[PDB]
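Dumped upload-v5.cif below, it's mmCIF, C-alpha atoms:
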data_entry
#
loop_
_atom_site.label_atom_id
_atom_site.label_comp_id
_atom_site.auth_asym_id
_atom_site.auth_seq_id
_atom_site.Cartn_x
_atom_site.Cartn_y
_atom_site.Cartn_z
CA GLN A 8 -22.47 -3.60 -8.75
CA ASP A 9 -21.28 -0.48 -10.62
CA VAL A 10 -17.83 -1.53 -9.35
CA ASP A 11 -18.43 -5.05 -10.76
CA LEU A 12 -19.31 -3.55 -14.17
CA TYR A 13 -16.21 -1.30 -14.12
CA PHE A 14 -13.96 -4.30 -13.52
CA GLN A 15 -15.91 -6.56 -15.94
CA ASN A 16 -15.13 -4.03 -18.68
CA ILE A 17 -11.41 -3.80 -17.86
CA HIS A 18 -10.90 -7.56 -18.08
CA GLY A 19 -12.97 -8.29 -21.24
CA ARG A 23 -11.16 -16.82 -11.59
CA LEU A 24 -9.44 -18.88 -8.89
CA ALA A 25 -7.26 -21.27 -10.92
CA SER A 26 -3.60 -20.15 -10.65
CA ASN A 27 -3.31 -20.10 -14.46
CA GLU A 28 -6.55 -18.04 -14.59
CA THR A 29 -5.88 -15.33 -11.92
CA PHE A 30 -4.94 -11.94 -13.35
CA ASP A 31 -1.32 -10.78 -13.73
CA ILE A 32 -0.29 -7.87 -11.47
CA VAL A 33 2.01 -4.97 -12.17
CA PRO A 34 5.62 -6.20 -11.73
CA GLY A 35 7.20 -4.85 -8.53
CA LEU A 36 10.48 -3.79 -10.09
CA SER A 37 11.07 -2.69 -13.68
CA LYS A 38 13.17 -0.37 -15.80
CA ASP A 39 9.91 1.65 -16.23
CA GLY A 40 9.26 2.05 -12.49
CA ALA A 41 8.63 0.17 -9.26
CA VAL A 42 5.59 -0.67 -7.10
CA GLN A 43 6.45 -1.46 -3.49
CA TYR A 44 3.80 -3.96 -2.26
CA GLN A 45 3.51 -3.76 1.55
CA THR A 46 1.45 -4.84 4.60
CA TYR A 47 2.09 -2.94 7.82
CA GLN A 48 0.60 -3.95 11.12
CA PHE A 49 1.11 -1.50 13.96
CA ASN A 50 1.22 -3.38 17.30
CA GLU A 51 0.06 -6.89 18.16
CA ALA A 52 -3.71 -7.16 18.53
CA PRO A 53 -5.33 -7.94 21.91
CA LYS A 54 -6.74 -11.47 22.23
CA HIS A 55 -10.26 -10.41 21.17
CA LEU A 56 -9.11 -8.70 17.92
CA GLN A 57 -6.49 -11.19 16.58
CA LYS A 58 -8.97 -13.18 14.44
CA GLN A 59 -10.38 -9.97 12.88
CA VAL A 60 -6.85 -8.67 12.18
CA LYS A 61 -5.70 -11.91 10.48
CA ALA A 62 -8.81 -11.84 8.26
CA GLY A 63 -8.40 -8.07 7.61
CA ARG A 64 -4.80 -8.54 6.48
CA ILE A 65 -5.85 -11.24 3.99
CA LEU A 66 -8.69 -9.08 2.67
CA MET A 67 -6.49 -6.01 2.14
CA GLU A 68 -3.72 -7.96 0.30
CA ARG A 69 -6.46 -9.30 -2.00
CA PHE A 70 -7.81 -5.76 -2.62
CA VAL A 71 -4.26 -4.55 -3.39
CA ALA A 72 -3.75 -7.40 -5.93
CA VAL A 73 -7.24 -6.71 -7.47
CA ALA A 74 -6.35 -3.02 -7.98
CA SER A 75 -2.91 -3.92 -9.40
CA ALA A 76 -4.37 -6.47 -11.86
CA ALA A 77 -6.91 -3.91 -13.22
CA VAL A 78 -4.08 -1.39 -13.73
CA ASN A 79 -1.90 -3.99 -15.48
CA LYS A 80 -4.73 -4.79 -17.90
CA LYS A 81 -5.89 -1.15 -18.31
CA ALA A 82 -2.42 0.34 -18.97
CA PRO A 83 -1.90 0.91 -22.78
CA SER A 84 1.86 0.40 -22.44
CA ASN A 85 4.40 -0.93 -19.95
CA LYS A 86 5.39 2.59 -18.88
CA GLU A 87 1.77 3.43 -18.05
CA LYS A 88 1.53 0.51 -15.57
CA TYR A 89 3.55 2.85 -13.31
CA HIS A 90 1.44 6.00 -13.93
CA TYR A 91 -0.18 7.04 -10.66
CA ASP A 92 -3.25 8.53 -12.39
CA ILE A 93 -4.34 5.05 -13.62
CA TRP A 94 -3.96 3.63 -10.07
CA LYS A 95 -6.04 6.57 -8.80
CA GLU A 96 -8.83 5.96 -11.41
CA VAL A 97 -9.11 2.29 -10.31
CA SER A 98 -9.02 3.08 -6.55
CA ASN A 99 -11.79 5.73 -7.00
CA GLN A 100 -13.99 2.80 -8.08
CA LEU A 101 -13.11 0.51 -5.12
CA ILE A 102 -13.32 3.13 -2.33
CA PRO A 103 -17.04 4.20 -2.51
CA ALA A 104 -17.99 0.52 -2.84
CA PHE A 105 -16.18 -1.09 0.13
CA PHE A 106 -14.51 1.67 2.14
CA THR A 107 -15.15 4.71 4.29
CA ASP A 108 -13.37 7.99 5.23
CA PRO A 109 -11.92 8.48 1.74
CA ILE A 110 -8.63 10.36 1.49
CA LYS A 111 -7.07 12.11 -1.53
CA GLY A 112 -4.75 14.97 -2.53
CA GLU A 113 -1.03 15.65 -2.13
CA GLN A 114 1.16 15.04 0.88
CA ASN A 115 4.77 16.07 1.25
CA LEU A 116 7.82 14.43 2.75
CA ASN A 117 10.22 17.34 3.34
CA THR A 118 12.80 16.33 5.92
CA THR A 119 16.57 15.90 6.35
CA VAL A 120 17.71 12.75 8.20
CA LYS A 121 20.68 10.33 8.28
CA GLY A 122 20.61 7.50 5.75
CA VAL A 123 20.14 5.01 8.60
CA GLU A 124 16.95 6.87 9.63
CA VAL A 125 15.42 6.85 6.09
CA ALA A 126 13.52 3.56 6.62
CA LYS A 127 11.94 4.97 9.81
CA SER A 128 10.98 8.18 7.96
CA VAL A 129 9.20 6.04 5.31
CA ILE A 130 7.16 3.99 7.83
CA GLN A 131 6.24 7.06 9.88
CA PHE A 132 5.08 8.93 6.75
CA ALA A 133 3.28 5.83 5.37
CA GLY A 134 1.24 5.31 8.54
CA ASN A 135 1.05 8.69 10.36
CA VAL A 136 2.83 7.03 13.30
CA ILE A 137 5.64 7.35 15.80
CA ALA A 138 7.52 4.08 15.28
CA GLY A 139 9.92 2.25 17.57
CA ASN A 140 12.05 -0.63 16.32
CA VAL A 141 11.90 -0.85 12.52
CA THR A 142 15.21 -2.70 11.98
CA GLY A 143 13.53 -5.53 10.03
CA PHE A 144 11.96 -3.13 7.51
CA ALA A 145 15.32 -1.26 7.39
CA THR A 146 17.08 -4.47 6.27
CA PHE A 147 14.35 -5.14 3.68
CA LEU A 148 14.53 -1.62 2.21
CA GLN A 149 18.31 -1.54 2.16
CA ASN A 150 18.52 -4.79 0.19
CA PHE A 151 15.65 -3.78 -2.12
CA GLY A 152 17.42 -0.43 -2.69
CA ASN A 153 20.19 -2.28 -4.58
CA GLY A 154 17.72 -3.45 -7.23
CA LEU A 155 15.88 -0.13 -7.30
CA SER A 156 19.12 1.82 -7.76
CA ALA A 157 20.21 -0.42 -10.62
CA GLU A 158 16.92 0.20 -12.49
CA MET A 159 16.62 3.99 -11.90
CA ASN A 160 20.22 4.72 -12.92
CA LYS A 161 19.78 3.17 -16.38
CA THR A 162 18.75 6.57 -17.82
CA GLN A 163 18.50 10.26 -16.87
CA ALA A 164 14.70 10.15 -16.84
CA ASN A 165 12.53 10.47 -13.71
CA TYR A 166 11.85 7.04 -12.17
CA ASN A 167 8.21 6.43 -11.08
CA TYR A 168 7.77 4.95 -7.59
CA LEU A 169 4.51 3.79 -5.98
CA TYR A 170 3.52 2.25 -2.63
CA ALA A 171 0.52 -0.09 -2.97
CA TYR A 172 -0.13 -1.10 0.61
CA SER A 173 -2.37 -1.63 3.62
CA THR A 174 -1.98 -0.61 7.29
CA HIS A 175 -3.53 -2.45 10.21
CA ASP A 176 -3.77 -0.06 13.16
CA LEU A 177 -4.12 -1.36 16.72
CA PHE A 178 -4.15 1.80 18.78
CA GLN A 179 -5.94 3.11 21.88
CA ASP A 180 -8.94 5.45 21.63
CA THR A 181 -9.28 8.34 24.17
CA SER A 182 -10.93 5.98 26.65
CA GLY A 183 -7.88 3.66 26.55
CA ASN A 184 -9.62 0.96 24.50
CA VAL A 185 -7.86 -0.66 21.53
CA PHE A 186 -9.47 -0.40 18.12
CA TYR A 187 -8.65 -2.05 14.80
CA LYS A 188 -8.54 0.26 11.74
CA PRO A 189 -7.67 -1.39 8.41
CA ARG A 190 -6.65 1.08 5.63
CA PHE A 191 -6.12 0.62 1.85
CA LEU A 192 -3.57 3.18 0.49
CA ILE A 193 -1.97 3.94 -2.92
CA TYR A 194 0.79 6.58 -2.83
CA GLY A 195 2.74 7.80 -5.83
CA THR A 196 5.97 9.75 -6.32
CA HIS A 197 9.11 9.65 -8.49
CA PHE A 198 12.88 10.04 -8.15
CA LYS A 199 14.44 12.92 -10.10
CA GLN A 200 18.04 12.37 -11.33
CA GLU A 201 19.57 14.23 -8.33
CA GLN A 202 17.51 12.09 -5.91
CA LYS A 203 18.61 8.68 -7.26
CA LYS A 204 21.54 8.51 -4.78
CA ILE A 205 19.00 7.99 -1.94
CA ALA A 206 18.42 4.33 -2.97
CA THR A 207 21.95 3.38 -1.81
CA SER A 208 22.24 5.60 1.29
CA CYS A 209 20.53 3.44 3.95
CA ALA A 210 23.86 2.44 5.58
CA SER A 211 25.22 6.00 5.75
CA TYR A 212 25.40 8.22 8.85
CA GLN A 213 25.66 11.23 6.53
CA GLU A 214 22.58 13.51 6.09
CA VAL A 215 20.17 13.02 3.17
CA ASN A 216 17.52 15.46 1.94
CA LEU A 217 14.13 13.84 1.41
CA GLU A 218 11.97 16.14 -0.71
CA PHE A 219 9.12 14.22 -2.37
CA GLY A 220 5.69 15.28 -3.54
CA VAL A 221 3.44 12.29 -2.89
CA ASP A 222 -0.03 11.87 -4.45
CA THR A 223 -2.41 9.93 -2.19
CA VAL A 224 -5.62 7.89 -2.45
CA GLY A 225 -7.16 5.48 0.05
CA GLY A 226 -9.83 4.62 2.58
CA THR A 227 -10.73 2.67 5.70
CA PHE A 228 -12.25 -0.79 5.16
CA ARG A 229 -15.74 -1.51 6.53
CA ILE A 230 -14.47 -4.36 8.73
CA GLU A 231 -17.36 -4.00 11.23
CA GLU A 232 -19.99 -4.46 8.50
CA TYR A 233 -18.00 -7.34 6.95
CA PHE A 234 -18.29 -9.31 10.21
CA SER A 235 -21.88 -8.25 11.05
CA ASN A 236 -23.63 -7.97 7.68
CA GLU A 237 -23.78 -11.28 5.78
CA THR A 238 -24.98 -9.68 2.52
CA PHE A 239 -22.07 -7.20 2.62
CA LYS A 240 -19.62 -10.04 3.43
CA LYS A 241 -20.99 -11.78 0.30
CA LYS A 242 -20.53 -8.92 -2.18
CA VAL A 243 -16.96 -8.42 -0.87
CA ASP A 244 -16.11 -12.16 -1.16
CA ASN A 245 -17.72 -12.60 -4.59
CA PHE A 246 -16.03 -9.51 -6.03
CA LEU A 247 -12.62 -10.54 -4.65
CA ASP A 248 -13.11 -14.09 -6.02
CA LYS A 249 -14.06 -12.83 -9.51
CA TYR A 250 -11.24 -10.33 -10.06
CA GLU A 251 -8.44 -12.00 -8.03
CA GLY A 252 -4.88 -10.95 -8.88
CA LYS A 253 -1.73 -13.04 -8.35
CA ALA A 254 -0.54 -12.93 -4.72
CA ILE A 255 1.37 -9.73 -3.85
CA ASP A 256 3.34 -11.82 -1.31
CA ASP A 257 5.07 -13.48 -4.30
CA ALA A 258 6.41 -10.10 -5.61
CA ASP A 259 10.11 -9.20 -5.34
CA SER A 260 9.07 -5.84 -3.78
CA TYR A 261 6.89 -7.37 -1.00
CA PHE A 262 7.36 -6.93 2.75
CA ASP A 263 5.10 -7.42 5.76
CA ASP A 264 5.68 -6.94 9.47
CA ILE A 265 4.05 -6.45 12.84
CA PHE A 266 5.75 -3.35 14.18
CA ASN A 267 6.03 -3.14 17.98
CA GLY A 268 5.73 -0.18 20.37
CA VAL A 269 3.88 2.07 17.87
CA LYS A 270 1.63 5.07 18.54
CA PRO A 271 -0.23 7.54 16.26
CA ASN A 272 1.44 10.88 15.49
CA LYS A 273 -0.27 14.29 15.40
CA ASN A 274 -1.41 13.79 11.76
CA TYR A 275 -3.29 10.57 12.54
CA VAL A 276 -7.06 10.73 12.01
CA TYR A 277 -9.08 8.56 14.43
#

As structure tokens:
Amino acid sequence: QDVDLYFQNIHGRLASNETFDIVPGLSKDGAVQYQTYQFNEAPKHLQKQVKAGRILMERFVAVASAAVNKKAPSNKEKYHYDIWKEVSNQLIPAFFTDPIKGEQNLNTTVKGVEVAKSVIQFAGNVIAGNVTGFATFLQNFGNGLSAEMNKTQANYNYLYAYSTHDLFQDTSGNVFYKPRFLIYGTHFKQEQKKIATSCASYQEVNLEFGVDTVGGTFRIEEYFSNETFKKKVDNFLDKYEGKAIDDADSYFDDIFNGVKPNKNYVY
């Protein structure tokens, strides 16, 4: 309920004219890429849980985004990672476990046509297979992104506000479902802006980004076993509901096939 009070203060409602505005996905002041990644189809006995988990996480993402939108003193500050981090540090202790924080780095040199794969693999700590659908999404979105970032010489703020839905084998060969809520933040410096139109190129591109991270694993087990926990989740989500992230221009979802964890993945 300390989370409830935090959010009550920011906003001082399920009707579509009453739900809270979210931070616009693409702007001259920065972009927020709203995403839902599912890694592998769920086995028969987990499919219901996964479909519910995906809905829950998209709602949590829109709740965080709506708080930021309200809390930001100016349009520019809607794209300031530190405000996203402040709001997530309120959600995580309340509804999540295994909190993560701190910087990560993407320092790699790949062909333009491999950039989309590099993004997914970094976003999830995974070895991906076919990501051609996401590659088409990112390529087309890159046109809009490039247009905005090239308007001035300034750094262009760039955030991923997303969830991952992991269906991977434990050591005993049994599939588990891990739903994660993640907010990552970086920027494009002037010399990096070229990257946004390089997804069709077979030429090499240097990806050097310092990425600030915050996130946690959702208590999906307790949500389906503990009725009083299910209730605080549902009531909170109902009260502070943001506009659907699936209506944003920056939105993409997919079920990626043939995926396994990489050596950075934490079980």

Residue members of the PyMOL selection byres ((chain A and resi 227) around 6) in the file shown, as a VMD selection string: chain A and resid 106 to 108 189 to 190 226 228

Atom pair atom CA of residue A:24 / atom CA of residue A:91: separation (Å): 27.6 Å

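Those residues that approach residue A:75 to within 8 Å, counting all atoms listed in the file, are residues 32, 33, 94 and 252 of chain A; same-chain residues fewer than 5 positions away are not listed.
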
Picked residues, the PyMOL selection byres ((chain A and resi 215) around 10), as a ChimeraX atom specification: /A:118-125,202,204-205,208-209,211-214,216-218

Proximity to residue A:171 - best of A:135, A:260, A:43, A:99, all atoms listed in the file: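 Checking each of A:135, A:260, A:43, A:99 against residue A:171, counting all atoms listed in the file, the winner is A:43.
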
Contacts of residue A:148 at 12 Å (all atoms listed in the file; same-chain gap of 5+ positions) as JSON, numbers by chain: {"A": [43, 44, 45, 122, 123, 124, 125, 126, 127, 128, 129, 130, 141, 142, 143, 153, 154, 155, 156, 205, 206, 207, 208, 209, 210, 259, 260, 261, 262, 263]}

Can I get the selected residues back with C-alpha atoms, as a PDB file, in the frame of the given file?
ATOM      1  CA  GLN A  43       6.450  -1.460  -3.490  1.00  0.00           C
ATOM      2  CA  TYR A  44       3.800  -3.960  -2.260  1.00  0.00           C
ATOM      3  CA  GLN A  45       3.510  -3.760   1.550  1.00  0.00           C
ATOM      4  CA  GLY A 122      20.610   7.500   5.750  1.00  0.00           C
ATOM      5  CA  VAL A 123      20.140   5.010   8.600  1.00  0.00           C
ATOM      6  CA  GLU A 124      16.950   6.870   9.630  1.00  0.00           C
ATOM      7  CA  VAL A 125      15.420   6.850   6.090  1.00  0.00           C
ATOM      8  CA  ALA A 126      13.520   3.560   6.620  1.00  0.00           C
ATOM      9  CA  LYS A 127      11.940   4.970   9.810  1.00  0.00           C
ATOM     10  CA  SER A 128      10.980   8.180   7.960  1.00  0.00           C
ATOM     11  CA  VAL A 129       9.200   6.040   5.310  1.00  0.00           C
ATOM     12  CA  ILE A 130       7.160   3.990   7.830  1.00  0.00           C
ATOM     13  CA  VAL A 141      11.900  -0.850  12.520  1.00  0.00           C
ATOM     14  CA  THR A 142      15.210  -2.700  11.980  1.00  0.00           C
ATOM     15  CA  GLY A 143      13.530  -5.530  10.030  1.00  0.00           C
ATOM     16  CA  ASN A 153      20.190  -2.280  -4.580  1.00  0.00           C
ATOM     17  CA  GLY A 154      17.720  -3.450  -7.230  1.00  0.00           C
ATOM     18  CA  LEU A 155      15.880  -0.130  -7.300  1.00  0.00           C
ATOM     19  CA  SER A 156      19.120   1.820  -7.760  1.00  0.00           C
ATOM     20  CA  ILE A 205      19.000   7.990  -1.940  1.00  0.00           C
ATOM     21  CA  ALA A 206      18.420   4.330  -2.970  1.00  0.00           C
ATOM     22  CA  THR A 207      21.950   3.380  -1.810  1.00  0.00           C
ATOM     23  CA  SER A 208      22.240   5.600   1.290  1.00  0.00           C
ATOM     24  CA  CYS A 209      20.530   3.440   3.950  1.00  0.00           C
ATOM     25  CA  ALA A 210      23.860   2.440   5.580  1.00  0.00           C
ATOM     26  CA  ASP A 259      10.110  -9.200  -5.340  1.00  0.00           C
ATOM     27  CA  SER A 260       9.070  -5.840  -3.780  1.00  0.00           C
ATOM     28  CA  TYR A 261       6.890  -7.370  -1.000  1.00  0.00           C
ATOM     29  CA  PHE A 262       7.360  -6.930   2.750  1.00  0.00           C
ATOM     30  CA  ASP A 263       5.100  -7.420   5.760  1.00  0.00           C
TER      31      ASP A 263
END

Selected residue, from A:65, A:102, A:74, A:82, that lies nearest to residue A:251 when counting only C-alpha atoms: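 The answer is A:74, which sits nearest to residue A:251.
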
Coordinates-based distance that separates atom CA of residue A:195 from atom CA of residue A:77 (Å, one decimal):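 Spanning atom CA of residue A:77 to atom CA of residue A:195 is a straight-line distance of 16.9 Å.
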
Target residues per the PyMOL selection byres ((chain A and resi 223) around 8), formatted as a PyMOL selection string: chain A and resi 110-114+192-195+221-222+224-225

Proximity to residue A:41 - best of A:61, A:188, A:88, A:229, all atoms listed in the file: A:88

Around stretch 88-105 of chain A, fit a box with edges along x, y and z, padding it by 3 Å on each side, then list its centre and edge lengths in Å to one decimal as AutoDock Vina command-line options.
--center_x -7.2 --center_y 3.7 --center_z -7.7 --size_x 27.5 --size_y 15.6 --size_z 21.7

Two-atom distance - atom CA of residue A:181, atom CA of residue A:144 (Å): 29.3 Å

Close residues, residue A:78 itself excluded, 12 Å, all atoms listed in the file, min 3 positions apart in chain, as an MDAnalysis selection string: chainID A and resid 14 17:18 30:34 42 71:75 81:98 171 252

Just C-alpha atoms for this one: save the residues we selected as an mmCIF file, keeping the file's coordinate frame.
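Written out: result.cif:
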data_model
loop_
_atom_site.group_PDB
_atom_site.id
_atom_site.type_symbol
_atom_site.label_atom_id
_atom_site.label_comp_id
_atom_site.auth_asym_id
_atom_site.auth_seq_id
_atom_site.Cartn_x
_atom_site.Cartn_y
_atom_site.Cartn_z
ATOM 1 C CA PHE A 14 -13.960 -4.300 -13.520
ATOM 2 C CA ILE A 17 -11.410 -3.800 -17.860
ATOM 3 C CA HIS A 18 -10.900 -7.560 -18.080
ATOM 4 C CA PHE A 30 -4.940 -11.940 -13.350
ATOM 5 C CA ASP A 31 -1.320 -10.780 -13.730
ATOM 6 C CA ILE A 32 -0.290 -7.870 -11.470
ATOM 7 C CA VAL A 33 2.010 -4.970 -12.170
ATOM 8 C CA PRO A 34 5.620 -6.200 -11.730
ATOM 9 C CA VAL A 42 5.590 -0.670 -7.100
ATOM 10 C CA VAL A 71 -4.260 -4.550 -3.390
ATOM 11 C CA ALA A 72 -3.750 -7.400 -5.930
ATOM 12 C CA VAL A 73 -7.240 -6.710 -7.470
ATOM 13 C CA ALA A 74 -6.350 -3.020 -7.980
ATOM 14 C CA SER A 75 -2.910 -3.920 -9.400
ATOM 15 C CA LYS A 81 -5.890 -1.150 -18.310
ATOM 16 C CA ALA A 82 -2.420 0.340 -18.970
ATOM 17 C CA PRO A 83 -1.900 0.910 -22.780
ATOM 18 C CA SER A 84 1.860 0.400 -22.440
ATOM 19 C CA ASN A 85 4.400 -0.930 -19.950
ATOM 20 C CA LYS A 86 5.390 2.590 -18.880
ATOM 21 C CA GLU A 87 1.770 3.430 -18.050
ATOM 22 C CA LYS A 88 1.530 0.510 -15.570
ATOM 23 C CA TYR A 89 3.550 2.850 -13.310
ATOM 24 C CA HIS A 90 1.440 6.000 -13.930
ATOM 25 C CA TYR A 91 -0.180 7.040 -10.660
ATOM 26 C CA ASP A 92 -3.250 8.530 -12.390
ATOM 27 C CA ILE A 93 -4.340 5.050 -13.620
ATOM 28 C CA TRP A 94 -3.960 3.630 -10.070
ATOM 29 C CA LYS A 95 -6.040 6.570 -8.800
ATOM 30 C CA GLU A 96 -8.830 5.960 -11.410
ATOM 31 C CA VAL A 97 -9.110 2.290 -10.310
ATOM 32 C CA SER A 98 -9.020 3.080 -6.550
ATOM 33 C CA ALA A 171 0.520 -0.090 -2.970
ATOM 34 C CA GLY A 252 -4.880 -10.950 -8.880
#

Shortest interatomic distance to residue A:63 - which of A:175, A:249, A:38, A:23, counting only C-alpha atoms: A:175

Distance criterion (only C-alpha atoms): nearest to residue A:59 out of A:264, A:269, A:232, A:137: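 Using only C-alpha atoms, residue A:59 sits closest to A:232.
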